[PDB]
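Dropping upload07.csv in here (CSV, N, CA and C atoms):
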```csv
chain,number,residue,atom,x,y,z
A,1,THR,N,33.3,-12.9,9.1
A,1,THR,CA,34.2,-13.1,10.2
A,1,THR,C,35.4,-12.2,10.0
A,2,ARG,N,35.7,-11.4,11.1
A,2,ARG,CA,36.8,-10.4,11.1
A,2,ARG,C,37.5,-10.3,12.5
A,3,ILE,N,38.8,-10.5,12.4
A,3,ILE,CA,39.7,-10.4,13.6
A,3,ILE,C,40.5,-9.1,13.4
A,4,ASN,N,40.4,-8.2,14.4
A,4,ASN,CA,41.1,-6.9,14.4
A,4,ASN,C,42.3,-7.1,15.3
A,5,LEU,N,43.4,-6.2,15.1
A,5,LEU,CA,44.6,-6.3,16.0
A,5,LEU,C,44.8,-5.0,16.7
A,6,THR,N,43.8,-4.2,16.8
A,6,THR,CA,43.8,-2.9,17.5
A,6,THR,C,43.5,-3.0,18.9
A,7,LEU,N,43.8,-2.1,19.8
A,7,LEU,CA,43.5,-2.2,21.3
A,7,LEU,C,42.0,-2.1,21.4
A,8,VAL,N,41.4,-3.0,22.1
A,8,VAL,CA,39.9,-3.0,22.2
A,8,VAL,C,39.3,-1.8,23.0
A,9,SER,N,40.1,-1.0,23.7
A,9,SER,CA,39.6,0.1,24.4
A,9,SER,C,39.4,1.3,23.5
A,10,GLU,N,39.9,1.1,22.3
A,10,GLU,CA,39.8,2.1,21.2
A,10,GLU,C,38.8,1.7,20.1
A,11,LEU,N,38.2,0.6,20.1
A,11,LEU,CA,37.2,0.2,19.2
A,11,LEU,C,35.9,0.9,19.3
A,12,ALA,N,35.2,1.2,18.1
A,12,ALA,CA,33.9,1.9,18.1
A,12,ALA,C,33.0,0.8,18.8
A,13,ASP,N,31.9,1.2,19.3
A,13,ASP,CA,30.9,0.3,20.0
A,13,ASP,C,30.4,-0.8,19.1
A,14,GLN,N,30.3,-0.6,17.8
A,14,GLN,CA,29.7,-1.5,16.8
A,14,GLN,C,30.8,-2.6,16.4
A,15,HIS,N,32.1,-2.1,16.4
A,15,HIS,CA,33.2,-3.0,16.0
A,15,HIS,C,33.5,-4.0,17.2
A,16,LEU,N,33.4,-3.4,18.4
A,16,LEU,CA,33.6,-4.1,19.7
A,16,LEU,C,32.6,-5.3,19.7
A,17,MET,N,31.3,-4.9,19.4
A,17,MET,CA,30.2,-5.8,19.4
A,17,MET,C,30.2,-6.9,18.3
A,18,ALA,N,30.7,-6.5,17.1
A,18,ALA,CA,30.8,-7.5,16.0
A,18,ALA,C,31.9,-8.5,16.2
A,19,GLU,N,33.0,-8.0,16.6
A,19,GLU,CA,34.2,-8.8,16.9
A,19,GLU,C,33.8,-9.7,18.0
A,20,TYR,N,33.1,-9.3,19.0
A,20,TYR,CA,32.7,-10.1,20.2
A,20,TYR,C,32.0,-11.4,19.7
A,21,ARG,N,31.1,-11.2,18.7
A,21,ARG,CA,30.3,-12.2,18.1
A,21,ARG,C,31.0,-13.2,17.1
A,22,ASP,N,31.9,-12.6,16.4
A,22,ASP,CA,32.7,-13.3,15.4
A,22,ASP,C,33.8,-14.2,15.8
A,23,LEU,N,34.5,-13.8,16.9
A,23,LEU,CA,35.6,-14.6,17.5
A,23,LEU,C,35.2,-16.0,17.8
A,24,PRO,N,34.2,-16.3,18.5
A,24,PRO,CA,33.7,-17.6,18.9
A,24,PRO,C,33.4,-18.5,17.7
A,25,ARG,N,33.3,-17.9,16.5
A,25,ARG,CA,33.0,-18.5,15.2
A,25,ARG,C,34.3,-19.3,14.8
A,26,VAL,N,35.4,-18.6,14.9
A,26,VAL,CA,36.7,-19.2,14.6
A,26,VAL,C,36.8,-20.6,15.4
A,27,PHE,N,36.7,-20.4,16.7
A,27,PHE,CA,36.7,-21.5,17.7
A,27,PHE,C,35.8,-22.7,17.2
A,28,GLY,N,34.7,-22.3,16.6
A,28,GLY,CA,33.7,-23.1,16.0
A,28,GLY,C,34.2,-24.0,14.8
A,29,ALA,N,34.8,-23.3,13.9
A,29,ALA,CA,35.4,-23.8,12.6
A,29,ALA,C,36.5,-24.8,12.8
A,30,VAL,N,37.4,-24.4,13.7
A,30,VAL,CA,38.5,-25.3,14.0
A,30,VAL,C,37.9,-26.6,14.5
A,31,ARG,N,36.8,-26.6,15.2
A,31,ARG,CA,36.2,-27.8,15.8
A,31,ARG,C,35.6,-28.7,14.7
A,32,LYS,N,34.9,-28.2,13.8
A,32,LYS,CA,34.3,-28.9,12.7
A,32,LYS,C,35.4,-29.6,11.9
A,33,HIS,N,36.5,-29.0,11.7
A,33,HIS,CA,37.7,-29.4,11.0
A,33,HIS,C,38.3,-30.6,11.7
A,34,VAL,N,38.7,-30.3,13.0
A,34,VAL,CA,39.2,-31.4,13.9
A,34,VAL,C,38.3,-32.7,13.7
A,35,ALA,N,37.0,-32.6,13.9
A,35,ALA,CA,36.1,-33.7,13.7
A,35,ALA,C,36.0,-34.1,12.2
A,36,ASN,N,36.6,-33.5,11.3
A,36,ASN,CA,36.5,-34.0,9.9
A,36,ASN,C,37.8,-34.6,9.5
A,37,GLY,N,38.6,-35.0,10.5
A,37,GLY,CA,39.9,-35.6,10.3
A,37,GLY,C,41.0,-34.6,9.9
A,38,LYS,N,40.7,-33.3,10.1
A,38,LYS,CA,41.7,-32.2,9.7
A,38,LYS,C,42.7,-32.0,10.9
A,39,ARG,N,43.8,-31.5,10.4
A,39,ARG,CA,45.0,-31.1,11.3
A,39,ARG,C,45.6,-29.8,10.7
A,40,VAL,N,46.4,-29.1,11.5
A,40,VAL,CA,47.1,-27.8,11.1
A,40,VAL,C,47.9,-28.0,9.8
A,41,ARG,N,48.6,-29.1,9.6
A,41,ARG,CA,49.4,-29.3,8.3
A,41,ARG,C,48.6,-29.2,7.0
A,42,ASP,N,47.3,-29.5,7.2
A,42,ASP,CA,46.4,-29.5,6.0
A,42,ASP,C,45.9,-28.1,5.6
A,43,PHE,N,46.3,-27.1,6.3
A,43,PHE,CA,45.9,-25.7,6.0
A,43,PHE,C,47.0,-24.8,5.5
A,44,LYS,N,46.7,-24.0,4.6
A,44,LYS,CA,47.7,-23.0,4.0
A,44,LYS,C,47.7,-21.8,5.0
A,45,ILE,N,48.4,-21.9,6.1
A,45,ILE,CA,48.4,-20.8,7.1
A,45,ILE,C,49.5,-19.8,6.6
A,46,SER,N,49.0,-18.6,6.3
A,46,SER,CA,49.9,-17.5,5.8
A,46,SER,C,50.9,-17.1,6.9
A,47,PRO,N,52.1,-16.7,6.4
A,47,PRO,CA,53.2,-16.3,7.3
A,47,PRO,C,53.0,-14.9,7.9
A,48,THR,N,52.2,-14.0,7.3
A,48,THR,CA,51.9,-12.6,7.6
A,48,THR,C,50.4,-12.5,7.8
A,49,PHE,N,50.1,-11.4,8.5
A,49,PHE,CA,48.7,-10.9,8.8
A,49,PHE,C,48.2,-10.5,7.5
A,50,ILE,N,47.0,-11.1,7.2
A,50,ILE,CA,46.2,-11.0,6.1
A,50,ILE,C,44.7,-10.7,6.4
A,51,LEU,N,44.1,-9.8,5.6
A,51,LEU,CA,42.7,-9.3,5.8
A,51,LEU,C,41.7,-9.9,4.8
A,52,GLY,N,42.1,-10.4,3.6
A,52,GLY,CA,41.0,-11.0,2.8
A,52,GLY,C,40.8,-12.5,2.7
A,53,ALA,N,41.1,-13.0,1.5
A,53,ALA,CA,41.1,-14.4,1.2
A,53,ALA,C,41.5,-15.3,2.3
A,54,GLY,N,42.8,-15.5,2.7
A,54,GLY,CA,42.9,-16.5,3.9
A,54,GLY,C,42.9,-15.9,5.2
A,55,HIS,N,42.1,-14.9,5.5
A,55,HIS,CA,42.1,-14.2,6.9
A,55,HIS,C,41.8,-15.0,8.1
A,56,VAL,N,40.7,-15.8,8.0
A,56,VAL,CA,40.4,-16.6,9.3
A,56,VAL,C,41.4,-17.7,9.4
A,57,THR,N,41.9,-18.3,8.4
A,57,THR,CA,42.8,-19.4,8.5
A,57,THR,C,44.1,-19.1,9.2
A,58,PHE,N,44.5,-17.9,9.0
A,58,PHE,CA,45.7,-17.3,9.5
A,58,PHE,C,45.7,-17.5,11.1
A,59,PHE,N,44.5,-17.5,11.6
A,59,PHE,CA,44.4,-17.6,13.1
A,59,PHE,C,44.2,-19.1,13.5
A,60,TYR,N,44.3,-20.1,12.6
A,60,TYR,CA,44.0,-21.5,13.0
A,60,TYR,C,45.1,-22.0,13.9
A,61,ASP,N,46.3,-21.5,13.9
A,61,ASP,CA,47.4,-21.9,14.8
A,61,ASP,C,47.7,-20.9,15.9
A,62,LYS,N,46.7,-20.0,16.1
A,62,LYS,CA,46.9,-19.0,17.1
A,62,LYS,C,45.6,-18.8,18.0
A,63,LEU,N,44.9,-19.8,18.2
A,63,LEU,CA,43.7,-19.8,19.0
A,63,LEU,C,43.9,-19.3,20.5
A,64,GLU,N,45.2,-19.2,20.9
A,64,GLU,CA,45.6,-18.8,22.2
A,64,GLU,C,45.5,-17.3,22.3
A,65,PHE,N,46.0,-16.7,21.2
A,65,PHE,CA,45.9,-15.2,21.1
A,65,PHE,C,44.4,-14.9,21.1
A,66,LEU,N,43.6,-15.7,20.4
A,66,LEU,CA,42.2,-15.4,20.3
A,66,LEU,C,41.5,-15.5,21.7
A,67,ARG,N,42.0,-16.4,22.5
A,67,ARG,CA,41.3,-16.7,23.8
A,67,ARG,C,41.6,-15.4,24.7
A,68,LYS,N,42.8,-15.0,24.7
A,68,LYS,CA,43.3,-13.8,25.5
A,68,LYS,C,42.6,-12.5,25.0
A,69,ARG,N,42.3,-12.4,23.7
A,69,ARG,CA,41.6,-11.3,23.2
A,69,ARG,C,40.1,-11.3,23.5
A,70,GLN,N,39.5,-12.5,23.5
A,70,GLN,CA,38.0,-12.7,23.8
A,70,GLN,C,37.7,-12.1,25.2
A,71,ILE,N,38.7,-12.3,26.1
A,71,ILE,CA,38.8,-11.9,27.4
A,71,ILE,C,38.8,-10.4,27.5
A,72,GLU,N,39.6,-9.8,26.6
A,72,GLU,CA,39.7,-8.4,26.6
A,72,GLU,C,38.4,-7.8,26.0
A,73,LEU,N,37.9,-8.4,25.0
A,73,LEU,CA,36.6,-7.8,24.5
A,73,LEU,C,35.4,-8.0,25.5
A,74,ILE,N,35.4,-9.0,26.3
A,74,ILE,CA,34.2,-9.1,27.3
A,74,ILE,C,34.4,-8.0,28.4
A,75,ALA,N,35.5,-7.8,28.9
A,75,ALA,CA,35.8,-6.8,29.9
A,75,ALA,C,35.4,-5.4,29.4
A,76,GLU,N,35.7,-5.1,28.2
A,76,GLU,CA,35.5,-3.9,27.5
A,76,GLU,C,34.0,-3.6,27.3
A,77,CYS,N,33.3,-4.7,27.1
A,77,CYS,CA,31.8,-4.6,26.9
A,77,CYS,C,31.1,-4.2,28.2
A,78,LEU,N,31.5,-4.8,29.3
A,78,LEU,CA,31.0,-4.5,30.6
A,78,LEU,C,31.3,-3.1,31.1
A,79,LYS,N,32.6,-2.7,30.9
A,79,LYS,CA,33.2,-1.4,31.2
A,79,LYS,C,32.4,-0.2,30.6
A,80,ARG,N,31.8,-0.5,29.4
A,80,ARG,CA,31.0,0.5,28.7
A,80,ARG,C,29.5,0.5,29.1
A,81,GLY,N,29.1,-0.5,29.8
A,81,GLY,CA,27.7,-0.6,30.2
A,81,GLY,C,26.8,-1.4,29.1
A,82,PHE,N,27.4,-2.4,28.6
A,82,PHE,CA,26.8,-3.3,27.5
A,82,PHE,C,26.3,-4.6,28.2
A,83,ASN,N,25.0,-4.9,27.8
A,83,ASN,CA,24.4,-6.1,28.4
A,83,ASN,C,24.5,-7.3,27.5
A,84,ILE,N,25.6,-7.9,27.7
A,84,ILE,CA,26.1,-9.1,27.0
A,84,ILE,C,25.7,-10.3,27.9
A,85,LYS,N,25.6,-11.4,27.3
A,85,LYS,CA,25.3,-12.7,27.9
A,85,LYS,C,26.3,-13.7,27.2
A,86,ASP,N,27.2,-14.3,28.0
A,86,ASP,CA,28.3,-15.2,27.5
A,86,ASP,C,29.5,-14.3,27.9
A,87,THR,N,29.5,-14.1,29.1
A,87,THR,CA,30.3,-13.4,30.1
A,87,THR,C,31.6,-14.2,30.4
A,88,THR,N,31.5,-15.4,29.9
A,88,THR,CA,32.3,-16.5,29.8
A,88,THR,C,33.2,-16.8,28.6
A,89,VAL,N,34.5,-17.0,28.9
A,89,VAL,CA,35.6,-17.3,27.9
A,89,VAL,C,35.3,-18.7,27.5
A,90,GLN,N,35.4,-19.0,26.3
A,90,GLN,CA,35.2,-20.4,25.8
A,90,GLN,C,36.3,-21.3,26.2
A,91,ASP,N,36.0,-22.6,26.5
A,91,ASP,CA,37.1,-23.5,26.9
A,91,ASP,C,37.4,-24.4,25.7
A,92,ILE,N,38.7,-24.1,25.4
A,92,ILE,CA,39.4,-24.7,24.2
A,92,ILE,C,40.4,-25.7,24.6
A,93,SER,N,40.6,-26.1,25.8
A,93,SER,CA,41.7,-27.1,26.1
A,93,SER,C,41.3,-28.4,25.4
A,94,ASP,N,40.1,-28.4,24.8
A,94,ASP,CA,39.5,-29.5,24.1
A,94,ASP,C,40.1,-29.7,22.7
A,95,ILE,N,40.6,-28.6,22.1
A,95,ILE,CA,41.3,-28.5,20.8
A,95,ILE,C,42.7,-28.8,20.8
A,96,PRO,N,43.3,-29.7,20.0
A,96,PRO,CA,44.7,-30.0,20.0
A,96,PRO,C,45.6,-28.8,20.2
A,97,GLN,N,46.6,-29.0,20.9
A,97,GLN,CA,47.6,-28.0,21.3
A,97,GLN,C,48.3,-27.3,20.1
A,98,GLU,N,48.6,-28.1,19.0
A,98,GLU,CA,49.2,-27.5,17.8
A,98,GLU,C,48.4,-26.3,17.3
A,99,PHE,N,47.1,-26.3,17.6
A,99,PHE,CA,46.2,-25.1,17.1
A,99,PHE,C,46.2,-24.0,18.1
A,100,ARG,N,46.6,-24.2,19.3
A,100,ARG,CA,46.5,-23.1,20.3
A,100,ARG,C,47.9,-22.4,20.6
A,101,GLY,N,48.3,-21.7,19.6
A,101,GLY,CA,49.5,-20.9,19.6
A,101,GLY,C,49.1,-19.4,19.9
A,102,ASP,N,50.3,-18.7,20.0
A,102,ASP,CA,50.2,-17.3,20.4
A,102,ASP,C,50.7,-16.5,19.1
A,103,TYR,N,50.5,-15.2,19.3
A,103,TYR,CA,50.9,-14.3,18.2
A,103,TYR,C,51.1,-12.9,18.8
A,104,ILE,N,52.1,-12.3,18.3
A,104,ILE,CA,52.4,-10.9,18.8
A,104,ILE,C,52.5,-10.1,17.4
A,105,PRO,N,51.6,-9.3,17.2
A,105,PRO,CA,51.5,-8.5,15.9
A,105,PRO,C,52.6,-7.4,15.8
A,106,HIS,N,53.2,-7.3,14.6
A,106,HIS,CA,54.2,-6.3,14.4
A,106,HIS,C,53.3,-5.0,14.3
A,107,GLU,N,53.9,-3.9,14.7
A,107,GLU,CA,53.2,-2.6,14.7
A,107,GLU,C,52.5,-2.4,13.3
A,108,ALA,N,53.2,-2.7,12.2
A,108,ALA,CA,52.8,-2.6,10.8
A,108,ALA,C,51.6,-3.5,10.4
A,109,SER,N,51.4,-4.7,11.1
A,109,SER,CA,50.3,-5.6,10.8
A,109,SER,C,49.1,-4.9,11.6
A,110,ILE,N,49.4,-4.3,12.7
A,110,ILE,CA,48.3,-3.7,13.4
A,110,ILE,C,47.8,-2.5,12.6
A,111,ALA,N,48.7,-1.9,11.8
A,111,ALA,CA,48.3,-0.8,11.0
A,111,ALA,C,47.4,-1.3,9.9
A,112,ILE,N,47.6,-2.5,9.4
A,112,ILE,CA,46.7,-3.1,8.3
A,112,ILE,C,45.3,-3.1,8.8
A,113,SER,N,45.2,-3.7,9.9
A,113,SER,CA,43.9,-3.9,10.7
A,113,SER,C,43.3,-2.6,11.1
A,114,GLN,N,44.1,-1.6,11.4
A,114,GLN,CA,43.6,-0.3,11.9
A,114,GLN,C,43.0,0.4,10.7
A,115,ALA,N,43.6,0.4,9.6
A,115,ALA,CA,43.1,1.1,8.3
A,115,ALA,C,41.8,0.4,7.8
A,116,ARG,N,41.5,-0.8,8.0
A,116,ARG,CA,40.3,-1.5,7.5
A,116,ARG,C,39.1,-0.9,8.3
A,117,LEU,N,39.3,-0.8,9.6
A,117,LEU,CA,38.4,-0.3,10.6
A,117,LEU,C,38.1,1.2,10.4
A,118,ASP,N,39.2,1.9,9.9
A,118,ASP,CA,39.1,3.3,9.6
A,118,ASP,C,38.3,3.5,8.3
A,119,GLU,N,38.4,2.6,7.4
A,119,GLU,CA,37.7,2.7,6.1
A,119,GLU,C,36.2,2.4,6.3
A,120,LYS,N,35.9,1.5,7.2
A,120,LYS,CA,34.5,1.2,7.4
A,120,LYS,C,33.8,2.4,8.0
A,121,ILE,N,34.4,3.0,9.1
A,121,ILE,CA,33.8,4.2,9.8
A,121,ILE,C,33.6,5.3,8.8
A,122,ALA,N,34.6,5.5,7.9
A,122,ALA,CA,34.5,6.6,6.9
A,122,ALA,C,33.3,6.3,5.9
A,123,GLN,N,32.8,5.0,5.9
A,123,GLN,CA,31.7,4.7,4.9
A,123,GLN,C,30.6,5.7,5.3
A,124,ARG,N,29.9,5.5,6.4
A,124,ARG,CA,28.8,6.3,6.9
A,124,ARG,C,29.1,6.3,8.4
A,125,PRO,N,29.8,7.4,8.9
A,125,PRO,CA,30.1,7.5,10.3
A,125,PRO,C,29.0,7.8,11.2
A,126,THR,N,27.8,8.0,10.8
A,126,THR,CA,26.6,8.3,11.7
A,126,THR,C,26.1,6.9,12.2
A,127,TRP,N,26.7,5.9,11.6
A,127,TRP,CA,26.4,4.5,12.0
A,127,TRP,C,27.4,4.1,13.2
A,128,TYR,N,28.4,4.8,13.5
A,128,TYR,CA,29.4,4.5,14.6
A,128,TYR,C,29.4,5.5,15.7
A,129,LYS,N,29.5,4.9,16.9
A,129,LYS,CA,29.6,5.6,18.2
A,129,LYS,C,30.6,5.0,19.1
A,130,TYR,N,31.1,5.8,20.0
A,130,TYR,CA,32.2,5.4,21.0
A,130,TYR,C,31.7,5.8,22.4
A,131,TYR,N,31.3,4.8,23.2
A,131,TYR,CA,30.8,4.9,24.5
A,131,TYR,C,29.4,5.6,24.4
A,132,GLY,N,28.8,5.5,23.2
A,132,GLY,CA,27.5,6.0,22.9
A,132,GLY,C,27.4,7.3,22.2
A,133,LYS,N,28.6,8.0,22.1
A,133,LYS,CA,28.7,9.3,21.4
A,133,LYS,C,29.2,9.1,20.0
A,134,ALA,N,28.7,10.0,19.2
A,134,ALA,CA,28.9,10.2,17.8
A,134,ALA,C,30.1,11.1,17.5
A,135,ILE,N,31.2,10.7,18.0
A,135,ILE,CA,32.5,11.4,17.9
A,135,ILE,C,33.1,11.3,16.5
A,136,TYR,N,32.5,10.5,15.7
A,136,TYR,CA,32.9,10.2,14.3
A,136,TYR,C,32.1,11.1,13.3
A,137,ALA,N,32.8,11.6,12.3
A,137,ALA,CA,32.2,12.5,11.3
A,137,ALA,C,32.5,12.3,9.8
```
Any chance you could give the structure as structure tokens?
Amino acid sequence: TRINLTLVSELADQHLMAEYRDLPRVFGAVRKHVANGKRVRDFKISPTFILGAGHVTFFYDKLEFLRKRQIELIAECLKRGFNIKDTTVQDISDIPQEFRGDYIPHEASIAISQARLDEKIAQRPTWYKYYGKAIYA
């Protein structure tokens, strides 16, 4: 599970696709927790944007920002001619309000997230495409 903070119109086709699948996972977790008698005070939510060890937890009090982003990844999928199913934004008004917070990333936290994405593409860039083209090398 990985949440990126980059503009989605700039994501490679594979990152667009992975994040589209991963986001609803978060939504999933928070639910299992709520039903296991869990609450936001029970989690060590980091103060800053984090990519490793507590990365998914960091978004446990920001499910609102994730709803608005799920919305942007679905539009972007369509825009590129991708045949996705689940065209639909998940309905989370089911989840306690304390978990549905917003987030506005500092330019510097977006850089964190940008560099991870840049490191993956540099692994083997023949594995990445943008709008179907191999603009990566």
Write out as an mmCIF file with N, CA and C atoms, in the frame of the given file the residues lying within 7 Å of residue A:6, counting only N, CA and C atoms and excluding same-chain residues fewer than 3 positions away.
```cif
data_model
loop_
_atom_site.group_PDB
_atom_site.id
_atom_site.type_symbol
_atom_site.label_atom_id
_atom_site.label_comp_id
_atom_site.auth_asym_id
_atom_site.auth_seq_id
_atom_site.Cartn_x
_atom_site.Cartn_y
_atom_site.Cartn_z
ATOM 1 N N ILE A 3 38.800 -10.500 12.400
ATOM 2 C CA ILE A 3 39.700 -10.400 13.600
ATOM 3 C C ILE A 3 40.500 -9.100 13.400
ATOM 4 N N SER A 9 40.100 -1.000 23.700
ATOM 5 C CA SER A 9 39.600 0.100 24.400
ATOM 6 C C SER A 9 39.400 1.300 23.500
ATOM 7 N N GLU A 10 39.900 1.100 22.300
ATOM 8 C CA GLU A 10 39.800 2.100 21.200
ATOM 9 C C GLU A 10 38.800 1.700 20.100
ATOM 10 N N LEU A 11 38.200 0.600 20.100
ATOM 11 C CA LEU A 11 37.200 0.200 19.200
ATOM 12 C C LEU A 11 35.900 0.900 19.300
ATOM 13 N N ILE A 110 49.400 -4.300 12.700
ATOM 14 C CA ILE A 110 48.300 -3.700 13.400
ATOM 15 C C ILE A 110 47.800 -2.500 12.600
ATOM 16 N N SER A 113 45.200 -3.700 9.900
ATOM 17 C CA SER A 113 43.900 -3.900 10.700
ATOM 18 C C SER A 113 43.300 -2.600 11.100
ATOM 19 N N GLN A 114 44.100 -1.600 11.400
ATOM 20 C CA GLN A 114 43.600 -0.300 11.900
ATOM 21 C C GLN A 114 43.000 0.400 10.700
#
```
If we count all atoms listed in the file and set the cut-off at 6.5 Å, which residues sit around residue A:58, ignoring sequence neighbours fewer than 5 positions away in its own chain? Please answer as a PyMOL selection string. chain A and resi 44-46
Residues from the last selection, N, CA and C atoms, saved as a short mmCIF file (atom, residue, chain, number, x, y, z; two decimals), in the coordinates of the input:
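That gives us again01.cif:
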```cif
data_model
loop_
_atom_site.label_atom_id
_atom_site.label_comp_id
_atom_site.auth_asym_id
_atom_site.auth_seq_id
_atom_site.Cartn_x
_atom_site.Cartn_y
_atom_site.Cartn_z
N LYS A 44 46.70 -24.00 4.60
CA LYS A 44 47.70 -23.00 4.00
C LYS A 44 47.70 -21.80 5.00
N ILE A 45 48.40 -21.90 6.10
CA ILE A 45 48.40 -20.80 7.10
C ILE A 45 49.50 -19.80 6.60
N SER A 46 49.00 -18.60 6.30
CA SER A 46 49.90 -17.50 5.80
C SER A 46 50.90 -17.10 6.90
#
```
Provide the atom N of residue A:106 to atom N of residue A:136 distance in Å, to one decimal place.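 Interatomic distance, atom N of residue A:106 to atom N of residue A:136: 27.3 Å.
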If you count all atoms listed in the file, which residues fall within 6.5 Å of stretch 21-23 of chain A, apart from same-chain ones fewer than 5 positions away, as a PyMOL selection string? chain A and resi 1-2+16+28
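In this structure, atom CA of residue A:29 sits 21.4 Å away from atom CA of residue A:85.
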Please compute the atom C of residue A:127-atom C of residue A:18 distance, one decimal, in Å. 13.7 Å
Alpha helix (DSSP H) per DSSP on the backbone: members of stretch 5-136 of chain A, as a ChimeraX atom specification: /A:13-34,55-58,63-79,107-121
Determine the nearest neighbour of residue A:80 from the options A:42, A:107, A:94, A:13, counting only C-alpha atoms.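 Ranking A:42, A:107, A:94, A:13 by distance to residue A:80, first place goes to A:13.
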Which of these, A:36, A:57, A:48, A:14, has the shortest distance to residue A:99 once you count only C-alpha atoms? A:57
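Among A:5, A:117, A:37, A:78, the residue with the shortest atom-to-atom distance to residue A:103, counting only C-alpha atoms, is A:5.
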Of the listed residues A:77, A:121, A:12, A:34, that which approaches residue A:96 most closely, counting all atoms listed in the file: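 For residue A:96, the nearest of the given residues is A:34.
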Residue A:72 environment, 10 Å, only C-alpha atoms, sequence neighbours closer than 2 positions dropped, as a list in words: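 Residues near the query, excluding close chain neighbours: residues 7, 8, 9, 20, 66, 67, 68, 69, 70, 74, 75, 76, 77 and 89 of chain A.
Restricting the calculation to all atoms listed in the file, the smallest distance between residue A:98 and any of A:31, A:61, A:24, A:38 is found for A:61.
A search radius of 7 Å centred on (50.0, -10.0, 9.5), applied to only C-alpha atoms, returns the residues residues 48, 49, 50, 105 and 109 of chain A.
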Between A:51, A:112, A:95, A:71, which residue has the minimum interatomic distance to residue A:30, considering all atoms listed in the file?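 So, comparing all the options, the nearest one is A:95.
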